[PDB]
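To start, the structure under review is shown below, and the notes come after it.
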Amino acid sequence: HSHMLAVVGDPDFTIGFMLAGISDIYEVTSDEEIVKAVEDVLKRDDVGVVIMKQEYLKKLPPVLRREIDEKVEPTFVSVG
Amino acid sequence: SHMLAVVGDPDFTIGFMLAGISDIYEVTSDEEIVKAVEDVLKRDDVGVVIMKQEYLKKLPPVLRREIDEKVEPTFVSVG
């Protein structure tokens, strides 16, 4: 039971958040890396919210998309 | 100037005001929602707008696809 804020994205997308003191970030580039990160963030029990590019869901297999569709917790926030 | 604006009911927008954000559009009725989004898209100093995911369907496809570009501002939807 913890509600950490995690961010997932390329290094250019992450810096703004790190400088802002957000250390729960997942650096990502490879399509495979995007999907694992999301799998990983879902395996966690301390994440409450996760920021992401709106252009990342498409890259996630049907299972994951619906898996995060429920979105009981963490609440996904997608940067348009 | 790239101001952060937030659109939502007072309960959703309270954690933001407490955190310093003061560019809030307090909306409740389906009607006020569409206006807010229109107003914010009518401004020239808004770089980002936070808003619940459940607010897009409530938008006329013209508008829903006006943020098609999403050039500036960028929209951030909370699921």
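Ordered as shown in the structure tokens, chains take letters A, B, and onward, while each chain numbers its residues from 1 and ligands are numbered from 1 in the order shown.
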
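Around range 60-74 of chain B, within 10 Å and counting only C-alpha atoms, the residues found are residues 79 and 80 of chain A; 2, 3, 4, 5, 34, 37, 38, 40, 41, 43, 44, 45, 46, 47, 48, 49, 50, 55, 56, 57, 58, 76 and 77 of chain B, once anything fewer than 2 positions away on its own chain is removed.
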
- Item | helix (DSSP H, G or I) call set, DSSP backbone run, chain A, as a VMD selection string | chain A and resid 11 to 19 31 to 43 57 to 59 62 to 70

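Between chain A and the candidates B:1, B:13, B:28, B:53, the tightest atom-to-atom separation, counting only C-alpha atoms, involves B:53.
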
- Task: Find the spatial neighbours of residue 37 in chain A, counting only C-alpha atoms, within a cut-off of 8 Å - ignore same-chain residues fewer than 5 positions away - and output them as a ChimeraX atom specification.
- Result: /A:8,26,28

Let's have the selection written as a CSV table (one decimal), in the first residue's frame, with C-alpha atoms.
chain,number,residue,atom,x,y,z
A,8,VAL,CA,7.7,5.9,-18.5
A,26,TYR,CA,11.6,4.0,-16.3
A,28,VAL,CA,12.5,3.5,-22.4

- Shell of 12 Å around residue 26 in chain B, only C-alpha atoms, local chain residues under 5 positions omitted, as a ChimeraX atom specification: /B:5-14,16-17,32-37,51

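For the choices A:20, A:53, A:43, A:66, the atom-to-atom distance to chain B is smallest for A:53 when using only C-alpha atoms.
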
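The coordinates place CA of residue 73 in chain A at 25.2 Å from CA of residue 30 in chain A.
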
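Reported to one decimal place, the separation of CA of residue 75 in chain B from CA of residue 23 in chain B is 14.3 Å.
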
- Please run DSSP on the backbone and report, as a ChimeraX atom specification, all residues within range 17-62 of chain A that come out as strand (DSSP E or B). /A:25-27,47-53

Return as CSV the residues of chain A lying at most 8 Å from chain B, together with the closest atom-to-atom pair for each and the distance in Å to one decimal, counting only C-alpha atoms, with rows in chain order and ascending residue number.
residue,atom,partner,partner_atom,distance
A:71,CA,B:79,CA,7.5
A:75,CA,B:79,CA,6.0
A:76,CA,B:79,CA,5.6
A:77,CA,B:78,CA,4.5
A:78,CA,B:77,CA,5.5
A:79,CA,B:76,CA,4.6
A:80,CA,B:75,CA,5.0
